[PDB]
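Heads up, the chain below is alone and in the form deposited in one PDB entry; it's given as structure tokens.
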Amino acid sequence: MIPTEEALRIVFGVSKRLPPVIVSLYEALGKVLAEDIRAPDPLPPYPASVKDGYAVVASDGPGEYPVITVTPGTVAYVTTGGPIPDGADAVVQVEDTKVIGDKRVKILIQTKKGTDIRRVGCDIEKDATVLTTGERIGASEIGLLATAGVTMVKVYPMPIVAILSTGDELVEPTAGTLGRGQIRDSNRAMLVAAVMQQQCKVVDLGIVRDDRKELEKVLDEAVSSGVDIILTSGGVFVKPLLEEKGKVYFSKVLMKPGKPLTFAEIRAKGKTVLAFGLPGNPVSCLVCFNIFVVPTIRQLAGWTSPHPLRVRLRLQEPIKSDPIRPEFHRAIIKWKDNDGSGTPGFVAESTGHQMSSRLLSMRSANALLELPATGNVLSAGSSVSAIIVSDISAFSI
């Protein structure tokens, strides 16, 4: 048995960033940039008016002028975002003007040079680096790529993940009345969804029975298909099959929930494939995915910060620590204007009983409280470290 910290260090040391690809602008969304992006022209590329009004020679000052290149004694109409004609050095917004006669315009104020003008390149200078390698592409970065005219982008791809379930007792989730000794396969749909939330392509390999030849054939098809990660759950015939096909780095971790977790590296007949022999118990299966698979997906996708967000929060109820195993205690956290100590902060409620077979303990859990192995009851209002496992922007108030 190895601590979680060593198991992560081993996974980070074995895991390698995927080779970069060129994708279309909308396929680049969510991906990490594999090249720097430079503006080929300035923004704005011409002096642009900030307002609807008249382009003037600021020195002329208040007066009546004909509307027409702008020379002293003349003005020209401009619109927001339109170019300033040559010779004009300032814009007088339409509110500070009046049309005279049944074209002549009366400028009502004394303006200053460069007023209501965006000079060439004041938002983005030509050849300036607008985005760098290692930067994740969100909506604003798509806007910067579009501004710079980059519609084909070099990025790190997401890994392709194969997923299978193991068990003679499993039936498909479409099963109605269950026969003797049968349960619905819940890990596969759960892991397919968890991987879809990580924006990875999934290869669903179905239910495999507790049969060595059958599992070997499915693992071989997975390796041969070109996937980067294989997730199995249960049966940890899995560990011995992964030892035969490649290198197993660990098979047991000091943690609650669970204990078994096999991590292996296989060489395709060639690229390497990472394999996680996840525990069968639904809770341990999803907790191991959150702690060990998520940072691996991120690392393969070129994330420079693959680790999950860790915060400090206050317990809303007392929680019993385990005397030997450090726990990943499921919780529903929220930001409060008063966290219980007077100042604002995160607070956590337990999801109830934490048995590894109890999938209801994962229901609505947006964090994993890291409880050290002291054996003591942590009182309500005491502080703990917590790993955030679901979109912090989608957090309920």
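Sequential numbering from 1, following the sequence displayed.
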Subject >> Interresidue gap class [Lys269, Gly270; deposited sequence, unmodelled] >> reply: 4 to 9
**OP:** Select one of none, 1 to 3, 4 to 9, or 10 or more to describe the deposited residues without coordinates separating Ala76 and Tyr77.
**Re:** none
Original post:
Of the two stretches 348-356 and 34-42, which shows the higher Cα B-factor on average in the entry?
Top reply: 348-356
Original post:
Per the entry, where is the mean C-alpha temperature factor higher: 153-161 or 172-180?
Top reply: 172-180
**OP:** Tell me which of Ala58, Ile333, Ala48, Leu29 tops the list for C-alpha B factor in the record.
**Re:** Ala58
Original post:
Looking at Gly143, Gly234, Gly206, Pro72, which has the highest CA B-factor as recorded?
Top reply: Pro72
Original post:
Among the modelled residues of its chain, does the C-alpha B-factor of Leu215 lie in the lowest, middle or highest third?
Top reply: middle
Original post:
Where does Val311 sit by CA temperature factor within its chain: lowest, middle or highest third?
Top reply: middle
Subject >> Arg118 CA temperature factor, ranked by third within the chain >> reply: middle
Original post:
Comparing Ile109 with the other modelled residues of its chain, is its CA B-factor in the lowest, middle or highest third?
Top reply: highest
**OP:** Classify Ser321 as lowest, middle or highest third according to the C-alpha B-factor given in the PDB entry, relative to its own chain.
**Re:** highest
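Missing here is the form deposited in another entry; even so, the following discussion is about that form.
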Subject >> Identified hinge, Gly63, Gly340, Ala48, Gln197, relative rotation of rigid parts between this form and the one not shown >> reply: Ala48
